[PDB]
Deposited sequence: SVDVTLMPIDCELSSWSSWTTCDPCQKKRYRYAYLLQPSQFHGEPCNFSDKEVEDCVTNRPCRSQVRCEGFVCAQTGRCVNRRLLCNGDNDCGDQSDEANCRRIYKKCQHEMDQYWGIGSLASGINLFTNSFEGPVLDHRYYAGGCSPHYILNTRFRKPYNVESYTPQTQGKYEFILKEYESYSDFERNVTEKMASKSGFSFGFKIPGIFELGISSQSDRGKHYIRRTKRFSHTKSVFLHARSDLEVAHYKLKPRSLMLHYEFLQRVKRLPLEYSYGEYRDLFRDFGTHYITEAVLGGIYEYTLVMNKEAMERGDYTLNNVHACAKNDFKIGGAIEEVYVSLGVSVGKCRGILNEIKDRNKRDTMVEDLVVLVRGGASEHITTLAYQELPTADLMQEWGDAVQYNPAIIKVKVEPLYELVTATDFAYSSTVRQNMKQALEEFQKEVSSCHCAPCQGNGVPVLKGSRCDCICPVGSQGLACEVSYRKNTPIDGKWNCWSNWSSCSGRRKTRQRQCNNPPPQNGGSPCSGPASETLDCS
């Protein structure tokens, strides 16, 4: 049975905002389309063209040359330098000669663009560019890494190379599958959606090929299974963004200039959808490589094998002979017996260590050197220090910064709820719902077919309880929100708080 997408009715129009010369209204999603229901292929907002007068204070003029399309305020010292500073069209039109368009061919830092794009921390996806990492400040910071002539962007404070480490795999044992969500439960926001200190970017969340990780590991929930986890880490570069006066991306600049001062969720929502909710002030670039062995306890305890056996046997593939079938009952996981699955997950350098090799075929040889090169040329953001988007909205770029900042703060609150997968109706068979926009799709555990994942080879699977969305706060008699575990409660099975309260 389909569920059709449904949005609320239109919010009361806003009164004309002076600068935009416009009014806005929006709708909000009450029900996501699901199970091939009818989707929401129309806009969740409108804008009307207006007429008032109320005074509007523009920006402090512009000293330098104004860009024709992007409306950036480049310094005249940047006209005809062979750079696209108007980033982009032309500080570079109508130039008789070019000055200092170098005798030195330059690469950009590899993957640098990614670090300039904003990030949805609620969903972990990368979005539109917020930072212009292709903007040199007229400067030319040449940087040499592993025999390549690189060019540092004005924004970047630092991008230091890291001395190549070791394929040292860490190895973590686990008994219950439950105990195994310490590897896969990867947020924790402090006031103003701030987060001090580096954290593993669990990119794979509602993300996208964490969706084959979830298919593969969730089938081991009726946990007769025991889990060994292998993980190695390659840091290749540390990155640090300038503390301030940053060069915003021109696309981001223009959209922010477009936002109203009257608070209107619809416009601020769009902003977060295109640009995310945070950006990157610090990062470890590199690569992971993780694989996990899933073992049937019983069949393991009938070859007379122990976790120690495997744990310690994994330091190569307690100094006795493991490498029996403890290596072949592994090699022949896919005809013979005992090893339930070997699940691999590689972040950074994902070229051809994937196909024919790393992923489900062999575990891992000394093709870690090979993967080591590839990371070097395609590193991933592994660790990150973040900042809310509103910290980019400053007075020197923006009229009314103060208001726009406050407006973004409140909307970030509304947004967090609106993008959460708790609005999604339950799948069955223990599957995972994921919200994207207004549609909602089920991630099914291997062994489950159909939307809602209700077709399966196993009966009365323990269904794990899941939450519906937090209720609205009862505002300021002293605030508390409630939550029910109704959104799939356990039919024969089994977290977080049901109630939560904020000082008001």
item	value
In sequence order, the deposited-sequence ranges that have no modelled C-alpha atom	1-6, 193-197, 329-344, 522-526, 537
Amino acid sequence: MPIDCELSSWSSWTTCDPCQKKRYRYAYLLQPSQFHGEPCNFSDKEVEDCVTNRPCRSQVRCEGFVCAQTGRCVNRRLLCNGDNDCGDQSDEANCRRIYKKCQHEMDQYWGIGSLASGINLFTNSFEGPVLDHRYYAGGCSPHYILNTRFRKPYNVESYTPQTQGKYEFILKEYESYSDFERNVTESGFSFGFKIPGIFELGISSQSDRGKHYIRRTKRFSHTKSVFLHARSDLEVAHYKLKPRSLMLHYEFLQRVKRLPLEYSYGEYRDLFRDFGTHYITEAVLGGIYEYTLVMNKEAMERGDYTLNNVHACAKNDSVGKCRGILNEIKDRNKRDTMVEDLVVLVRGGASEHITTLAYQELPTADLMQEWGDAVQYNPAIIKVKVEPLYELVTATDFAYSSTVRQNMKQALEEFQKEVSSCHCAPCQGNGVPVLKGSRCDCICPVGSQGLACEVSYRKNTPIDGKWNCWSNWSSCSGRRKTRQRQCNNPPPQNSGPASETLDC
From here on, numbers count along this sequence of modelled residues.
{"item": "Higher-B stretch (mean Cα B-factor, as the entry records it), 471-479 or 431-439", "value": "471-479"}
{"item": "Selected stretch [higher average CA B-factor]: 176-184 or 74-82", "value": "176-184"}
{"item": "Most elevated Cα B-factor in the entry, residues 375, 203, 342, 248", "value": "203"}
{"item": "Out of 118, 348, 260, 320, highest CA B-factor residue", "value": "320"}
{"item": "CA B-factor ranking of residue 113, expressed as a third of its chain", "value": "lowest"}
{"item": "Chain-wide C-alpha B factor ranking for residue 227, given as lowest, middle or highest third", "value": "middle"}
{"item": "Assigned third (lowest, middle, highest) for the C-alpha B factor of residue 68", "value": "middle"}
{"item": "Chain-relative CA temperature factor third for residue 45", "value": "middle"}
{"item": "Modelled-residue ranking by C-alpha temperature factor, third containing residue 268", "value": "lowest"}
